[PDB]
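Participant: I have a structure here, written as structure tokens, and I will follow up with some questions on it.
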Amino acid sequence: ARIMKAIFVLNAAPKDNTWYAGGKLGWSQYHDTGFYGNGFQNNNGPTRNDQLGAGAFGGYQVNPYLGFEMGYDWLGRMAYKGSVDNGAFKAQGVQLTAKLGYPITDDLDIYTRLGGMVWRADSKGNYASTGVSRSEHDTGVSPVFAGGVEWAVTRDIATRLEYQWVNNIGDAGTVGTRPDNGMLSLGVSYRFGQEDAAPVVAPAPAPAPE
């Protein structure tokens with residue numbers, strides 16, 4: 001083991017300003033605990049449990065302490081089949097949380113995000129319902145914190161797995177989570193890489209005649 005390590009960095013410059021973005025898929029909501037005293041439990045019993053939620057995550061560190069993590073709540077309901085639909089207003093979930101983690105060598109790293117999610121409801125349009133539907137215009141907001149690990153495979157394409165619970169526990173004085181604390185899911189991300197480019201035909205010979 002004999003390598004120069006003074007001020008000649010080749011892997012990364014002397015700056016802790018990195019940026020990585022990706023997306024995870026899994027379950028956002030689900031009923032498991034709690035019950036009801038109503039005779040009508042299961043009104044319908046289909047044969048397709050199509051429940052998949054998409055989520056875009058983005059992290060960026062500004063100082064050698066922690067980095068900001070922005071999430072995006074997308075997809076979650078199964079319904080896309082009709083002659084004519086409505087598209088007046090578009091809905092999209094936006095999450096704001098702080099992510100803190102660290103690598104193990106140079107490919108395996110662990111991180112945890114603590115914050116909240118803020119999404120909007122779909123405005124009223126040409127919809128058709130006779131029981132369950134959203135006829136209100138409120139803003140969805142709820143605090144949450146998840147934790148998982150990440151693995152780097154490609155030069156600009158890594159994969160990460162997020163969970164609701166963490167193997168260890170850092171610092172915490174109080175926890176207020178009725179529905180849940182975190183969410184388990186699988187996703188893939190990539191580092192912020194961009195090489196320079198300048199019109200310079202050095203190798204490629206252009207001048208044919210002169």
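Ordered as shown in the structure tokens, chains take letters A, B, and onward, while each chain numbers its residues from 1 and ligands are numbered from 1 in the order shown.
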Enumerate, as a list in words, the complete set of residues in range 120-200 of chain A that a backbone-based DSSP assignment places in strand (DSSP E).
Facilitator: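 Strand (DSSP E) members of range 120-200 of chain A, listed: residues 120, 139, 140, 141, 142, 143, 144, 145, 146, 147, 148, 149, 150, 151, 152, 158, 159, 160, 161, 162, 163, 185, 186, 187, 188, 189, 190 and 191 of chain A.
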Participant: Please produce an output containing C-alpha atoms for each residue in the selection, written as a short mmCIF file (atom, residue, chain, number, x, y, z; two decimals), in the first residue's frame.
Facilitator:
data_model
loop_
_atom_site.label_atom_id
_atom_site.label_comp_id
_atom_site.auth_asym_id
_atom_site.auth_seq_id
_atom_site.Cartn_x
_atom_site.Cartn_y
_atom_site.Cartn_z
CA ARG A 120 -51.96 18.27 -3.81
CA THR A 139 -53.41 20.09 0.48
CA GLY A 140 -51.99 16.78 1.65
CA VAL A 141 -49.15 17.06 4.16
CA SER A 142 -47.55 14.47 6.45
CA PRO A 143 -44.12 14.05 8.14
CA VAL A 144 -42.10 10.88 7.53
CA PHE A 145 -38.59 9.43 7.79
CA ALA A 146 -37.12 6.36 6.09
CA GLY A 147 -33.77 4.61 6.07
CA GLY A 148 -31.93 2.19 3.81
CA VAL A 149 -28.74 1.39 1.91
CA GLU A 150 -27.33 1.97 -1.57
CA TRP A 151 -25.11 -0.02 -3.94
CA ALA A 152 -23.09 1.35 -6.86
CA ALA A 158 -26.54 2.60 -8.87
CA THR A 159 -29.34 0.84 -7.00
CA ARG A 160 -30.72 1.48 -3.52
CA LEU A 161 -33.17 -0.13 -1.10
CA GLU A 162 -35.19 1.86 1.44
CA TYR A 163 -36.88 0.52 4.57
CA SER A 185 -39.23 0.13 -1.62
CA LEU A 186 -36.63 -0.51 -4.33
CA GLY A 187 -35.13 2.10 -6.64
CA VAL A 188 -32.24 3.12 -8.88
CA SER A 189 -30.27 6.37 -8.97
CA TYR A 190 -27.30 8.01 -10.69
CA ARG A 191 -24.58 10.50 -9.75
#
Participant: Would you pick out the contacts of residue 58 in chain A at 6 Å or less, using only C-alpha atoms, so that residues sharing its chain but fewer than 4 positions from it are not included, and give the list as number ranges by chain?
Facilitator: A: 21, 69-70
Participant: As an exercise, work out the distance from CA of residue 179 in chain A to CA of residue 90 in chain A in Å and give it to one decimal place.
Facilitator: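 If I compute the distance from CA of residue 179 in chain A to CA of residue 90 in chain A, I get 26.0 Å.
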Participant: Nearest to residue 51 in chain A: which of A:71, A:26, A:34, A:115 is it, counting only C-alpha atoms?
Facilitator: A:26
Participant: Could you jot down the CA of residue 153 in chain A to CA of residue 19 in chain A separation for me, Å, one decimal place?
Facilitator: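 Going from CA of residue 153 in chain A over to CA of residue 19 in chain A, I get 16.9 Å.
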Participant: Can you work out which one of A:125, A:193, A:67, A:199 has the shortest atom-to-atom distance to residue 87 in chain A, counting only C-alpha atoms?
Facilitator: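 That would be A:125, the residue with the smallest distance to residue 87 in chain A.
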Participant: May I have the residues within 8 Å of range 76-79 of chain A as a PyMOL selection string, using only C-alpha atoms and disregarding those fewer than 4 positions away in the same chain?
Facilitator: chain A and resi 28+50-54
Participant: Which one of A:96, A:184, A:6, A:202 sits closest to residue 118 in chain A if you count only C-alpha atoms?
Facilitator: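 Closest candidate: A:96.
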Participant: Counting only C-alpha atoms, figure out which residue out of A:66, A:170, A:183, A:4 gets nearest to residue 24 in chain A.
Facilitator: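 Going through A:66, A:170, A:183, A:4 one by one, the smallest distance to residue 24 in chain A is for A:183.
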Participant: Do a neighbour search on residue 134 in chain A at 12 Å with only C-alpha atoms, toss out local chain neighbours closer than 6 positions, and write the hits as a PyMOL selection string.
Facilitator: chain A and resi 120-125+127-128
Participant: Kindly export the residues of the current selection with N, CA and C atoms, as a JSON list (two decimals), in the first residue's frame.
Facilitator:
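What follows is the written file out00.json:
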[["chain", "number", "residue", "atom", "x", "y", "z"],
["A", 120, "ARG", "N", -50.68, 17.62, -3.57],
["A", 120, "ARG", "CA", -51.96, 18.27, -3.81],
["A", 120, "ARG", "C", -52.97, 17.29, -4.38],
["A", 121, "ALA", "N", -54.25, 17.58, -4.18],
["A", 121, "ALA", "CA", -55.32, 16.72, -4.68],
["A", 121, "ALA", "C", -55.74, 17.13, -6.09],
["A", 122, "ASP", "N", -56.34, 16.19, -6.82],
["A", 122, "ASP", "CA", -56.79, 16.45, -8.18],
["A", 122, "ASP", "C", -58.09, 17.26, -8.17],
["A", 123, "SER", "N", -58.09, 18.37, -8.90],
["A", 123, "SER", "CA", -59.26, 19.23, -8.98],
["A", 123, "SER", "C", -60.45, 18.48, -9.57],
["A", 124, "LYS", "N", -61.64, 19.03, -9.40],
["A", 124, "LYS", "CA", -62.86, 18.42, -9.92],
["A", 124, "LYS", "C", -62.93, 18.53, -11.44],
["A", 125, "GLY", "N", -63.30, 17.44, -12.10],
["A", 125, "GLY", "CA", -63.40, 17.44, -13.54],
["A", 125, "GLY", "C", -64.48, 16.51, -14.05],
["A", 127, "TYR", "N", -65.27, 13.38, -13.95],
["A", 127, "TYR", "CA", -65.13, 12.08, -13.30],
["A", 127, "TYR", "C", -66.50, 11.44, -13.06],
["A", 128, "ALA", "N", -66.50, 10.13, -12.82],
["A", 128, "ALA", "CA", -67.73, 9.40, -12.57],
["A", 128, "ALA", "C", -67.58, 8.45, -11.39]]
Participant: Between CA of residue 72 in chain A and CA of residue 55 in chain A, what distance in Å does the model show, to one decimal?
Facilitator: 5.3 Å
Participant: Might you pull out every residue within 12 Å of residue 65 in chain A, with only C-alpha atoms counted and same-chain residues fewer than 6 positions away left off, and present them as a PyMOL selection string?
Facilitator: chain A and resi 16-17+98-102
Participant: Could you write those residues out with N, CA and C atoms, as a compact mmCIF listing (two decimals), in the first residue's frame?
Facilitator:
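Writing the result to result.txt gives the following:
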# COMPACT_ATOMS: atom_id res chain seq x y z
N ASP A 16 -17.01 18.89 -1.19
CA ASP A 16 -18.07 17.96 -0.81
C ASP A 16 -19.41 18.37 -1.41
N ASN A 17 -19.39 18.79 -2.67
CA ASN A 17 -20.61 19.21 -3.36
C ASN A 17 -21.02 18.18 -4.41
N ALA A 98 -34.25 15.71 4.98
CA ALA A 98 -32.80 15.73 5.08
C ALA A 98 -32.25 14.31 5.09
N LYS A 99 -31.27 14.05 4.24
CA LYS A 99 -30.67 12.72 4.15
C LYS A 99 -29.22 12.73 4.63
N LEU A 100 -28.89 11.77 5.49
CA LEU A 100 -27.54 11.64 6.03
C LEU A 100 -27.07 10.20 5.93
N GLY A 101 -25.89 10.00 5.35
CA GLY A 101 -25.36 8.65 5.20
C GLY A 101 -23.85 8.63 5.04
N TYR A 102 -23.32 7.45 4.73
CA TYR A 102 -21.88 7.28 4.55
C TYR A 102 -21.58 5.94 3.88
